[PDB]
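Asks: For what it's worth, PDB author numbering labels the leading residue of the sequence shown as 1, then goes sequentially. Structure in structure tokens, see below.
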Amino acid sequence: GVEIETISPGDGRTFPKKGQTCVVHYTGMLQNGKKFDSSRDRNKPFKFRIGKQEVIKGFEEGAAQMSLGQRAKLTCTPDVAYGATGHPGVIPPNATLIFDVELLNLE
């Protein structure tokens with residue numbers, strides 16, 4: 001389940017396709033918790049491609065549903081990334097992940 005809450009500006013037509021290296025200013029957030037990851041900190045805005053299962057399903061499905069300039073807000077379910085397993089130290093099991101996702105991409 002990928003629930004999109006878009007902050008309005010963008011173009012609404014430049015959608016990511018397969019094999020397109022796309023650039024996202026992501027900002028992670030735990031529900032009722034602090035941050036855990038941010039591209040604003042490293043200032044290397046995570047040039048990743050679409051269709052190789054590199055990113056999690058709650059972030060990959062949110063990327064194709066956005067366009068250039070758009071600023072959505074992810075609500076990632078636990079069972080797509082870390083709900084059963086959980087990362088040691090960062091993301092616990094059964095965690096509902098929140099992301100501040102803006103798609104200012106290339107290709």
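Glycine included, each C-beta is placed from N, C-alpha and C at the ideal position.
Would you identify the three-state DSSP class for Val23, choosing helix, strand or coil?
Replies: On the sequence shown, position 23 is the one that residue 23 refers to. Strand at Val23.
Asks: So, do the stretch 27 to 46 and the stretch 2 to 10 have three or more beta carbon pairs nearer to each other than 8 Å?
Replies: no
Asks: From which residue to which residue does the alpha helix (DSSP H) around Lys57 run?
Replies: Counting from 1 along the sequence shown, the entry for residue 57 is found at position 57. Counting along the chain, the alpha helix (DSSP H) containing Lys57 begins and ends at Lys57 to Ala64.
Asks: With a 10 Å radius around its C-beta and 16 neighbouring C-beta atoms as the bar for buried, classify residue 163 as buried or exposed.
Replies: Absent from the structure is residue 163, since the part of the chain shown begins at 1 and ends at 107.
Asks: Answer with buried or exposed for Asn105, where buried requires no fewer than 16 other C-beta atoms within 10 angstroms of its C-beta.
Replies: Within the sequence shown, the letter at position 105 stands for residue 105. That one is buried.
Asks: Have a look at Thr27, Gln70 and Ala95 and flag the residue whose alpha-carbon is nearest the alpha-carbon of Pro45.
Replies: Translated into the one-based positions of the sequence shown, residue 45 becomes position 45. Out of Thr27, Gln70 and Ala95, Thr27 has the C-alpha closest to the C-alpha of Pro45.
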